[PDB]
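Student: Below is a structure I'd like to ask you about.
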Amino acid sequence: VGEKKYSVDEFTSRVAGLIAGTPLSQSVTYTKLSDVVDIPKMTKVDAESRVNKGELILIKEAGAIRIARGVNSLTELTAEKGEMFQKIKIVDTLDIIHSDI
Amino acid sequence: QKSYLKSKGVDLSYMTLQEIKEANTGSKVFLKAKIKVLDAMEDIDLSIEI
Amino acid sequence: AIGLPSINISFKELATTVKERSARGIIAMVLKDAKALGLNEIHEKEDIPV
Amino acid sequence: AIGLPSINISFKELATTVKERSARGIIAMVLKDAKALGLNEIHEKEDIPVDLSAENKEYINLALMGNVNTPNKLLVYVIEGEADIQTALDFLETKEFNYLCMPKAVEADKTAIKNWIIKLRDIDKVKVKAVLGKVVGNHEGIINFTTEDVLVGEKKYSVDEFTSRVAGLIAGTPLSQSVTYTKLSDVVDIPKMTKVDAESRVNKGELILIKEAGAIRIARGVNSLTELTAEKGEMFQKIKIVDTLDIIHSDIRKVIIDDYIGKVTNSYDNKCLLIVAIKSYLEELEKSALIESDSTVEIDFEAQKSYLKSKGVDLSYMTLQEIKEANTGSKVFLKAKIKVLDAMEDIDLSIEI
Amino acid sequence: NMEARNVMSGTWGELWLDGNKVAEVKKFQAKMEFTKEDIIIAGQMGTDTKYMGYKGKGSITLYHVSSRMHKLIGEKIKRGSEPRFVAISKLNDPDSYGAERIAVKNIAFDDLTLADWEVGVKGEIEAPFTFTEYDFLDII
Amino acid sequence: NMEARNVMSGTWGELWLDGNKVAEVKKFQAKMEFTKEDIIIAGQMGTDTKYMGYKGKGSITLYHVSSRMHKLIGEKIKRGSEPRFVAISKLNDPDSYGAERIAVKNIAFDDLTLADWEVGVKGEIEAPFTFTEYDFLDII
Amino acid sequence: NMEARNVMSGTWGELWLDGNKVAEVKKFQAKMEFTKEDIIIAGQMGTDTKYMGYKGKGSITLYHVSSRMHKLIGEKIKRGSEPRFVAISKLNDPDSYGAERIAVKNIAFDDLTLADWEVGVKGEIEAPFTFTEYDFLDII
């Protein structure tokens, strides 16, 4: 971003700002960051595997660069917890409900 | 509520189902809910018939 | 599990059979010939084994 | 906060009509040359690199002009040679093109290109079309042309060499028109062949040239598809239908990516809005006269019901409306009906004296 | 399943009016009257109807223990302003399957009874009303 | 195919006037009256007609909740300028399939009702008008 | 937003005539009728109209408590001088929000009712009129 080379720990500020910026109604999947201009190349099946691994990654797609998905770090699912807990938006609205009540 | 009442020692064999709902529980209150949370559009299927 | 979002467009022409439970109009004729032994379904005159 | 009071007057270029949903007419060219390697775009005839060989420049010129009009953009990628085509194909994956052909091709290279195109079209959901010399391939992505010893410009052209002309010829045609029964001015002499054999070859699916009446013209715009499944129809064998279907697919995918992914809640109202948008696009195409005027888009009942049953919910008592607007999570199911118009190919007349 | 004891008895009901429990209540009734128009369709002898709307009606009868009904609306009616109330009815019979509760909203009364008495007869006051909306709470 | 429920009901309609929703609407009507001239052709008994043009008429009836009509045209009528409006009507019955939306353009009203009331009668306002052009939006 | 109580009632109106309150008022009505001329434009089918002016009409109905109308105009009518009056109407319903007051100026009556009675029927007087100008005072 902007003639600079950032490590993976450096960009967490941008990630957090983008997460906090979006309204409650929308998500962050397939959101394009114009500032980012180049990323090391990765094959699409490796991106699928990384998403299955629980990561949050930037994907090279037609048009500007953007985010592949908005999953959490949760990997294993118990009887009480299912797949809706993997999504960021659902967890955020659950926390809002908790605090309000 | 039924489990707590059983723990307190009262016998629920001769208690009506409606009676259990309004029985005394001291300070404790037990409630449950059922809500469905919306999600954003992220997968789309389309089939156009030629 | 959860993968990258996919918006796939798959298209195909419509084919209608309007066919009831039973099958009407199937002729099974058995023949004696040197080669091509076995069941050989025919729909139109063209696909006749040479 | 506050600044000095100041005024500005600015001039800007007008915003006209709408941006094209998907660029159409791009030709991809690839050849072996000692130098000028890499991507080399060509818009017009005057600006060709002077370093490349005249024999290659002849193929370039053949690709420059089209059947009706010059193709919008020609992309030429040069490899050093003596190496596998896989690296060139991998490089070309990033770029977008409507057509690609191999003027200098071998049997193994033809097989590799066929497999690459089939795999890309199926797995990657990217629609591209390729022209090949001598292939029995059945996918609609391959256009097979079979005519030996084409004599153009007092020079004998082989099938692979003339595939370069064929690709540009197909690309030059607009969407409304078709290449069938269209004369080819440059070609002069063709080896003789009987009409019944021409019927057999066209029946097989291969593309051939025919003398017919007057000048030489393309016999038929048939695809390389010869095997017909229960799911593939007979109409899939025409080039124009496949091309307009690919255009529709690309436009719809681009619109969905642009405006409806990650920005709207999956609720029944938003589904209705998406249906309205797709209907508006289809009506625009109807006004453009590519398809029939009664295209309709509606919720796909069967797929949604199957998904709900897989989820484990009981549908015994719900009404059709309730199943229509039942929560499905992220996924959306839709279906539509269209009819594809075609230009006249067969005419029959009865006259009463 | 079906048994005599399961039938609900009216002695076990109770009624809340404007958030205050009414103890001197004799009976309570609410009903919705649908509006339907006859439509004759060519080729069919049987007539069919089209539903257009509903009208809500009801009444309350209560012992004349106190002058409750006056304090609600007596002075407001003369001035020209009409109040709207909310009533809740609960029917809880120990023998039946639980209890059912219903809220009747937008209640407007039909008349006000200033005085009604006769020698040797206990006093009673009945007031009919009309409503528009309702909710279901703990329906069986 | 034909069922009694499919008949559209006027309760489900709604009206927009100059981009502002009119919730106090009682009935809406818009009609197009053609102009035809009698033509007698020699040799045939039956009289025939020729079509020349159309004239548009309609009316709007609404309750007297507020003074909407005065603010629209009252001041401009005195000066000498005649305003023109656009009306949109949508009829969406849940039982019927599809909702029809029609836009009526270039409306000119016929009269202004300054005041009209009677003792013991609720107030209503009706205003006829003439229009020139229409437009179809999602007809069934 | 839209409620049944918001509809204005005619019982709450009142009328002033020549600065004297009229308590015996039954109904009041003032209307403005526009004048429009048909215009046909070559090249378009729909007929259009041109607005030229307006004419005002109205009427007042009142009980026969006293002989108010005679003293106003009876003597002046014979001589040849036609009086002109001013009327003010106010409609103030407690349930509705706001009260509208409109003044109607330059009134001229159409007739005078000397006597009209029948056995077993209460007496009433009605008198139509025409006016020229109006005025808005605290419209909603």
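Chain identifiers are assigned as A, B, and so on, following the order in which chains appear in the structure tokens; residues are numbered from 1 within each chain, and ligands are numbered from 1 in order of appearance.
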When DSSP works through the backbone of this structure, what residues of chain B end up as strand (DSSP E), shown as a count of residues only?

Tutor: 7

Student: Please find the residues of chain A near chain C - the criterion being any atom within 10 Å, counting only C-alpha atoms - and write them as a list in words.

Tutor: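 Putting it all together, I get residues 29, 30, 44, 45, 47, 48, 49, 50, 51, 52, 53, 54, 59, 67, 68, 69, 70, 71, 75, 83, 86 and 87 of chain A.
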
Student: Using only C-alpha atoms, what table do you get, as JSON lines, when you list each residue of chain G with an atom no more than 7 Å from chain F, its nearest pair of atoms, and their distance in Å rounded to one decimal, rows by chain then rising number?

Tutor:
{"residue": "G:2", "atom": "CA", "partner": "F:23", "partner_atom": "CA", "distance": 6.5}
{"residue": "G:6", "atom": "CA", "partner": "F:65", "partner_atom": "CA", "distance": 5.6}
{"residue": "G:7", "atom": "CA", "partner": "F:65", "partner_atom": "CA", "distance": 4.8}
{"residue": "G:8", "atom": "CA", "partner": "F:123", "partner_atom": "CA", "distance": 5.8}
{"residue": "G:9", "atom": "CA", "partner": "F:122", "partner_atom": "CA", "distance": 4.6}
{"residue": "G:10", "atom": "CA", "partner": "F:119", "partner_atom": "CA", "distance": 4.6}
{"residue": "G:11", "atom": "CA", "partner": "F:119", "partner_atom": "CA", "distance": 4.2}
{"residue": "G:26", "atom": "CA", "partner": "F:119", "partner_atom": "CA", "distance": 6.0}
{"residue": "G:27", "atom": "CA", "partner": "F:118", "partner_atom": "CA", "distance": 4.2}
{"residue": "G:28", "atom": "CA", "partner": "F:116", "partner_atom": "CA", "distance": 5.8}
{"residue": "G:29", "atom": "CA", "partner": "F:116", "partner_atom": "CA", "distance": 4.2}
{"residue": "G:30", "atom": "CA", "partner": "F:115", "partner_atom": "CA", "distance": 5.2}
{"residue": "G:31", "atom": "CA", "partner": "F:113", "partner_atom": "CA", "distance": 4.8}
{"residue": "G:32", "atom": "CA", "partner": "F:112", "partner_atom": "CA", "distance": 5.3}
{"residue": "G:33", "atom": "CA", "partner": "F:111", "partner_atom": "CA", "distance": 4.9}
{"residue": "G:34", "atom": "CA", "partner": "F:111", "partner_atom": "CA", "distance": 5.6}
{"residue": "G:45", "atom": "CA", "partner": "F:53", "partner_atom": "CA", "distance": 5.0}
{"residue": "G:46", "atom": "CA", "partner": "F:54", "partner_atom": "CA", "distance": 5.4}
{"residue": "G:47", "atom": "CA", "partner": "F:55", "partner_atom": "CA", "distance": 5.6}
{"residue": "G:48", "atom": "CA", "partner": "F:132", "partner_atom": "CA", "distance": 6.6}
{"residue": "G:51", "atom": "CA", "partner": "F:82", "partner_atom": "CA", "distance": 6.9}
{"residue": "G:139", "atom": "CA", "partner": "F:67", "partner_atom": "CA", "distance": 6.6}
{"residue": "G:140", "atom": "CA", "partner": "F:67", "partner_atom": "CA", "distance": 5.6}

Student: Quick one: everything within 9 Å of segment 316-327 of chain D, counting only C-alpha atoms, minus sequence neighbours fewer than 3 positions away in the same chain. Send it as a list in words.

Tutor: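 Once the adjacent positions are removed, what remains is residues 36 and 38 of chain B; 266, 267, 268, 299, 300, 301, 304, 305 and 308 of chain D.
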
Student: Would you mind exporting N, CA and C atoms of the selected residues as an mmCIF file, in the first residue's frame?

Tutor:
data_model
loop_
_atom_site.group_PDB
_atom_site.id
_atom_site.type_symbol
_atom_site.label_atom_id
_atom_site.label_comp_id
_atom_site.auth_asym_id
_atom_site.auth_seq_id
_atom_site.Cartn_x
_atom_site.Cartn_y
_atom_site.Cartn_z
ATOM 1 N N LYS B 36 -34.262 -15.641 14.709
ATOM 2 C CA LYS B 36 -33.552 -16.023 13.497
ATOM 3 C C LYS B 36 -32.842 -14.802 12.931
ATOM 4 N N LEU B 38 -30.650 -12.675 10.216
ATOM 5 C CA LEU B 38 -30.431 -12.560 8.783
ATOM 6 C C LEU B 38 -28.941 -12.496 8.463
ATOM 7 N N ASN D 266 -30.093 -10.807 2.991
ATOM 8 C CA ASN D 266 -30.817 -11.860 2.284
ATOM 9 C C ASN D 266 -32.231 -11.945 2.850
ATOM 10 N N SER D 267 -33.078 -11.035 2.382
ATOM 11 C CA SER D 267 -34.484 -11.001 2.749
ATOM 12 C C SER D 267 -35.325 -11.012 1.483
ATOM 13 N N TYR D 268 -36.606 -11.349 1.647
ATOM 14 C CA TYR D 268 -37.479 -11.530 0.492
ATOM 15 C C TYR D 268 -37.576 -10.255 -0.340
ATOM 16 N N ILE D 299 -38.693 -17.034 -8.587
ATOM 17 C CA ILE D 299 -38.020 -17.828 -7.567
ATOM 18 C C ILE D 299 -38.037 -19.299 -7.957
ATOM 19 N N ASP D 300 -36.914 -19.980 -7.731
ATOM 20 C CA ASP D 300 -36.783 -21.400 -8.049
ATOM 21 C C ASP D 300 -37.347 -22.200 -6.881
ATOM 22 N N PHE D 301 -38.553 -22.737 -7.066
ATOM 23 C CA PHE D 301 -39.233 -23.450 -5.990
ATOM 24 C C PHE D 301 -38.498 -24.738 -5.631
ATOM 25 N N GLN D 304 -35.025 -24.530 -3.763
ATOM 26 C CA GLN D 304 -35.196 -24.035 -2.402
ATOM 27 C C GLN D 304 -35.841 -25.087 -1.511
ATOM 28 N N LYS D 305 -36.843 -25.798 -2.033
ATOM 29 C CA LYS D 305 -37.484 -26.852 -1.255
ATOM 30 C C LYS D 305 -36.501 -27.967 -0.930
ATOM 31 N N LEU D 308 -34.177 -26.701 1.824
ATOM 32 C CA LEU D 308 -34.852 -26.691 3.118
ATOM 33 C C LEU D 308 -35.002 -28.103 3.669
#

Student: Have a look at atom CA of residue 18 of chain B and atom CA of residue 15 of chain E and let me know their distance in Å, one decimal.

Tutor: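 Interatomic distance, atom CA of residue 18 of chain B to atom CA of residue 15 of chain E: 19.1 Å.
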
Student: For residue 16 of chain C, list every protein, DNA or RNA residue within 12 Å, evaluated using only C-alpha atoms, and leave out those in the same chain fewer than 3 positions away; present the list as a short mmCIF file (atom, residue, chain, number, x, y, z; two decimals) with C-alpha atoms, in the first residue's frame.

Tutor:
data_model
loop_
_atom_site.label_atom_id
_atom_site.label_comp_id
_atom_site.auth_asym_id
_atom_site.auth_seq_id
_atom_site.Cartn_x
_atom_site.Cartn_y
_atom_site.Cartn_z
CA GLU C 13 -32.79 -26.09 -22.63
CA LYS C 19 -45.11 -39.17 -19.67
CA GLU C 20 -47.50 -41.11 -17.44
CA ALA D 230 -30.32 -35.26 -22.70
CA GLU D 231 -29.26 -32.00 -21.04
#

Student: Could you tell me, as a ChimeraX atom specification, which residues of segment 38-102 of chain G DSSP assigns to alpha helix (DSSP H) when given the backbone?

Tutor: /G:68-79

Student: Could you tell me which residues of chain B sit within 9 Å of chain D when counting only C-alpha atoms, and give me the result as a list in words?

Tutor: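 Close enough to count are residues 36, 37, 38, 39, 40, 41, 42, 43, 44, 45, 46, 47, 48, 49 and 50 of chain B.
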
Student: Counting only C-alpha atoms, which residues from chain F have an atom at most 12 Å from any atom of chain D, and could you show them as a list in words?

Tutor: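 The complete set of qualifying residues is residues 94, 95 and 138 of chain F.
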
Student: Report the distance between atom CA of residue 289 of chain D and atom CA of residue 243 of chain D in Å, rounded to one decimal place.

Tutor: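 Atom CA of residue 289 of chain D sits 14.9 Å away from atom CA of residue 243 of chain D.
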
Student: Report, in Å to a single decimal, how far apart atom CA of residue 193 of chain D and atom CA of residue 44 of chain C are.

Tutor: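 These atoms are spaced 28.8 Å apart.
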